[PDB]
Amino acid sequence: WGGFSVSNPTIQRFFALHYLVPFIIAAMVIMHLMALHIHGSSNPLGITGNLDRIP
Amino acid sequence: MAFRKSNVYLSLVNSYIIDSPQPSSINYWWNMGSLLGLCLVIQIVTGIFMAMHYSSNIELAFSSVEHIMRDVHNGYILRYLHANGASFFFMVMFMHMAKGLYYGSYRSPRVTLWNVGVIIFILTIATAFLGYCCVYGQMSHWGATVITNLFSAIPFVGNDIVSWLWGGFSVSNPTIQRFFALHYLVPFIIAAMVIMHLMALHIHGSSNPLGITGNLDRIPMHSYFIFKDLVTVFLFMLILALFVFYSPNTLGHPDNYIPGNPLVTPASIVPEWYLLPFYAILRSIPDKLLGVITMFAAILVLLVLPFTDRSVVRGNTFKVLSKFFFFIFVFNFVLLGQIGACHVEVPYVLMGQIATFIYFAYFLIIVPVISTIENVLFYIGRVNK
Amino acid sequence: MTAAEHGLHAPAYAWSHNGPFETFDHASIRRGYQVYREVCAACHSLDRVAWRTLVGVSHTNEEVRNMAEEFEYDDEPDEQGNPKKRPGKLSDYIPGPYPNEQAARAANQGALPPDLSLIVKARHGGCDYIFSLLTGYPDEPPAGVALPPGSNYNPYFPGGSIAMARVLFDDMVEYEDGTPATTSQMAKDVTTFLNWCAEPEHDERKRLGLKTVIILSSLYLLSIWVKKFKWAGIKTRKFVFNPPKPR
Amino acid sequence: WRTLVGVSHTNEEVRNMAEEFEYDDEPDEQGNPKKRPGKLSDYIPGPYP
Amino acid sequence: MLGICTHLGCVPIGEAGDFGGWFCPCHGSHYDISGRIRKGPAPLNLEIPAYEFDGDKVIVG
Amino acid sequence: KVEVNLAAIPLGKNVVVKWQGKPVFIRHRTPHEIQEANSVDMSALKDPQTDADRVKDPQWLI
Amino acid sequence: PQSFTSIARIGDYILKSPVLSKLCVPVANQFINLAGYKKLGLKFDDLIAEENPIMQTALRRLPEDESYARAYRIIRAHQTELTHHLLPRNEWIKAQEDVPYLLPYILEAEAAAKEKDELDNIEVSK
Amino acid sequence: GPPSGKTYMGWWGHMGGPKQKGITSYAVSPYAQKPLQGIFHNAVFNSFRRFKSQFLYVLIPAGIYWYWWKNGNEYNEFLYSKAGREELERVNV
Amino acid sequence: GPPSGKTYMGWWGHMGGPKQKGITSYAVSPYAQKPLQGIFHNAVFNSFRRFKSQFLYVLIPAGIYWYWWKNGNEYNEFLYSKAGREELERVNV
Amino acid sequence: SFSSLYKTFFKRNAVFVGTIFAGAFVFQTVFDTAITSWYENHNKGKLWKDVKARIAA
Ligand code: HEC
Ligand code: HEM
Ligand code: HEM
Ligand SMILES: COc1c(O)c(C)c(C/C=C(/C)CC/C=C(\C)CC/C=C(\C)CC/C=C(\C)CC/C=C(\C)CCC=C(C)C)c(O)c1OC
Ligand code: FES
């Protein structure tokens, strides 16, 4: 809280954090895409897709 | 294989700071890059914790900084760390760029790495300017007035760009809230362009003080340069702690403790010390349009270097004339800053015009002419013809 | 520019808080507040200093309670919405002599007396400039200068002419501790007090810098030994060349 | 007041409406409080202080 | 007219010195009612703002 | 902490003030209503709470 | 970036003029002595930047025994610089040993590259 | 992943230098050595050698730009003094 | 750079599937074809085929939870009216 | 013995790390107390506590 209840210290620090977390999200999306690029995506048939691929 | 090489995330750590093959001959001048990484982390963390107590309204900006010093616990430590840390940021960066100028690190195989560094230099200058304006003292308000008024010299569209930048008719409340939002964002662009800086270095690796190939003798990064970087890391915080706890206002200006007033000119107006050399170049041209263009040229001429060096040897280690004229440029840079903090007087006007000429003549005249002469001296000094 | 419009440079005095191991003289801080209240407070403000910050530095908790209760502060309106007033408390700020800036310029021949909460940090010279300005009024202006009416002469002020007149005269304040109050003694005490107003963290900052430098200097020495130990094999390494036979 | 012009009233009509109220002005040269009639840049005043 | 010295910016003191003009105490130059600087390194004359008339009155803008 | 005195409140009216971000009540007490609070139900309806700790100033209940 | 063909053209003209060979060479010998690469166990031909396609063919065509020796001198200099010392005075490269061993392999590779460029821009006199 | 272009550095085992033959190397464990060997000797004699070889390339440019600065400071001070009023009008005007 | 661990996808030319033999494929250029061909026929007959085979897996769960919601909503309206005030006492307390 | 010293504190990393943490806890409290004591003694007669008791005489 920064005090005894929800007050001026709380609102001012919540805006500083609302600015920061989106840039952390952008960093975890890259880690998300890096782990996908290992084996590639899946398909609705649930079987291997190595026999037919398109760019 | 080892888990540090097979994992998707650990393999990026292993390939960059653990198993990276480094030349065995690199000296302590190759330690400034790791220091710049610690400076960027220090500025981001102290800025975020200070931003929880800051207000960007033009009627509350100055008082919110005074609130941080007095009321916030350990708040003066954060503020003096952030203000002095930015001064040490430019100290290391100036030495980092002069190392590569001395050792020919801009040459052919690594032109892309050099070009990305110039972009980081431009962004860092903008970030420091925007944060200085957020204090809203007497030197930050009047410094912002002169800097943003130079865009009005652009033909046709010049006057409209200033109004769009100000958000009004002068430096007012819309400008100050504009600059704090940009001061939060630009450091994250720098962090993303630093990763592109390391990607372009990994293709060919680092250079060495001798200027020749380093593929014959390499040692891993971990436990050899991890502990050599730790030596300058501890020395870096020792000098910073001296300036933070025993002399926190030696690198500043006393006029920035007077709240911003648009009705009283603060006598001489100067920027921070690390922008002073470029401030003197702008004032040396008796023309607003031409003088403004020359100021960004001084950063863009660094891209001409890989093509005006006509030498077949990389670096200045074994070059007699190139070593002498290198320090002429270095001390010419220091004299330019002194003129930037001086008044417009009889001797100082011509001193800054000649020193401006030497700055540009070094890249375009001195380096091409000197490098061709030394090539012949190396040849005729050993061939029996 | 000329040295007249630059202003004479203040000399260097041996302040008791000068030095890496030195703190403020808290007896001069206590004496300096009395000079401010009886001489300075008629025309200057200290609006960045709260009453509570004086407790434990130069006054007791009960003393500051009686000091603040002599001023009237605005209160919340009553049940019918009419305005009210109340005596001060420890959480308030030291009030100024004027309601607005137009009132201040009207009482000072159109000149504005600046606030004195950061004046030590806002001038080139610090404590040496405030002391020299308060004790540097000559009885006569140098032969040749032409002062505008309503302005005084002081060599330490940039330009020469200053809108503030001499205000410190011998034996104008009666200190409680029996110290002879002279022009130099009062100018020295009020400057120490104003320095504490600008930097109230001075005492605790210097104590933290001693711990930081001692710890950081040990680490720098320890890391040199560790680096040389890990590099011992590479530093002492030998190479021999024996040319191979042609094949 | 300026937001009613061109929506429900004329410029010359809104000016008359605003001039029937009183707003705090800048203090005079002696520092006393002053009053002035309203302008288009003012906001619609309420009944209670 | 604008109350700024035409050289580097200053403040005009009200009706003091010269031909009943005003005073630029930044360096020691004065003014006149015509707004014509009589001494100093001023390159040009004082600038006037744009304005209109309420018949006989004066506005700023 | 708040510092409000009790020498400016009459007898027989509620006063509600805000402290620490939450409101509180205060009002002068009456002769027999507090004695009724002594005679009020002990523990047969909701809460086994005595009037010993609820009020420490028999003329103000906050 | 200045080609060795151009360097040799200027140098050979100087070395055949009796007046020009009298003042330039004495100051060129002092320039080489002050450069100080011989005190690390190096010849000048070991300092040429090798990350261009022209110098990659020259090092490929260098005879095998000369290539083994060059690798030792380069490794020796890196170890000497690592200690911030110099080589003992008896291990310094002498003037009669500082010969341009790689120069003929560079001038020949450069001549072949120049002829290729002139043949991609050929114009038959029709 | 696709292949990349041609660079001038490799990795361990395929670094990309010339073939090495005939060079032998010897080393001793750091646990069996004295890390601080010769620090006092190097701090004086090695330090003097390093300084004596480079101090002429730094001091001469520094002294040229310091003599220039001091000569320009004294001239400005003389110009704005009572004895320099005859020169200030003939230069700055 | 060093090589990484073994994965289950490769790249063009070494994708890592089984060896293929005896399969021929034919295709025609889109510039000589008719896009939108058969959309009207597919918009009614193909859509009915797809809807019929899946609508029972979606609608039966949807109808079960919707009946539960309406029944529990109607009971709440009964307890908070005059008709069901007696039951509200027992069920609540 | 030097063999027993290695076997107790330097053979297992868990004991080595735990010893560093327990030595940092003791150093933390002792270092602070010894610093204020020297700092206060170097400025005797200038502290509020000193002047408060003097005027209490
Ligand atoms: C009692 C001790 C006292 C101190 C200490 C003090 N004042 Fe001032 N003071 C002024 C005015 C007016 C100025 C502005 C001078 C100017 O701008 O030319 C000023 C300026 C100052 C300055 C700024 C100096 C500078 O360089 O700008 C300081 C510091 C200061 N006063 C401190 C009216 C007063 C008056 C009313 C007569 C009194 C009393 C007075 N001042 C008493 C004091
Ligand atoms: C935040 C800013 C920067 C960071 C974090 C950074 C980081 C690094 C690091 C870690 C290295 C390798 C280690 C080293 O050589 O010391 C490096 C090398 C290099 N940097 Fe930077 N750098 C920055 C800015 C710049 C700038 C402004 C320039 C030039 C204008 C630049 C040009 C170079 C060059 C040329 C190299 C290679 C030099 C060599 O290896 O010989 N960098 N950088
Ligand atoms: C490379 C990164 C940064 C640099 C170089 C930088 C630079 C500066 C500078 C020079 C100042 C002027 C301070 C003074 O003169 O006292 C300043 C102020 C400030 N900066 Fe930064 N900054 C950086 C990052 C950030 C970030 C990321 C934030 C917030 C998330 C931030 C928040 C602030 C704030 C709130 C101030 C207010 C003035 C003060 O506290 O001193 N900074 N900055
Ligand atoms: C020695 O080897 C190295 C090396 O190790 C490193 C790191 C670098 C540096 C390289 C980089 C790419 C720099 C890395 C850093 C960045 C790109 C930017 C750093 C980013 C940040 C510091 C952002 C982190 C911010 C936060 C965690 C916000 C803090 C706020 C908090 C925790 C709020 C409190 C929480 C709550 C819930 C109230 C080198 O250059 C290098 O030499 C090769
Ligand atoms: S600024 Fe007024 S005369 Fe120059």
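The chain as shown is numbered from 1 upward.
According to its header, the structure was obtained by electron microscopy, 2.4 Å.
Placed from the backbone N, Cα and C atoms, the Cβ positions cover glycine too.
Annotated features in Swiss-Prot:
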- C:1-201: topological domain 'Mitochondrial intermembrane' (TOPO_DOM)
- C:27-180: domain 'Cytochrome c' (DOMAIN)
- C:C40, C:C43, C:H44, C:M164: heme c binding site (BINDING)
- C:70-107: region 'Disordered' (REGION)
Give the residue from the binding-site residues C:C40, C:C43, C:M164 that has the most other Cβ atoms within 10 Å of its Cβ, counting over every protein chain displayed.
C:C40
In sequence order, which same-chain residues at least six apart have a C-beta under 8 angstroms from C:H44 (heme c binding site)?
C:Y36, C:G96, C:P97, C:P113, C:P114, C:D115, C:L116
For the heme c site made of C:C40, C:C43, C:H44, C:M164, how many Å separate the two farthest Cα atoms?
12
Local backbone state of C:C40 (heme c binding site), from DSSP in three classes:
helix
Write out how many residues of the region 'Disordered' (C:70-107) are helix, how many strand and how many coil, based on DSSP.
6 helix, 7 strand, 25 coil
For heme c, what surrounds C:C40, C:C43, C:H44, C:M164 with a Cβ no more than 8 Å from their Cβ centroid?
C:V39, C:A41, C:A42, C:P113, C:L116, C:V167
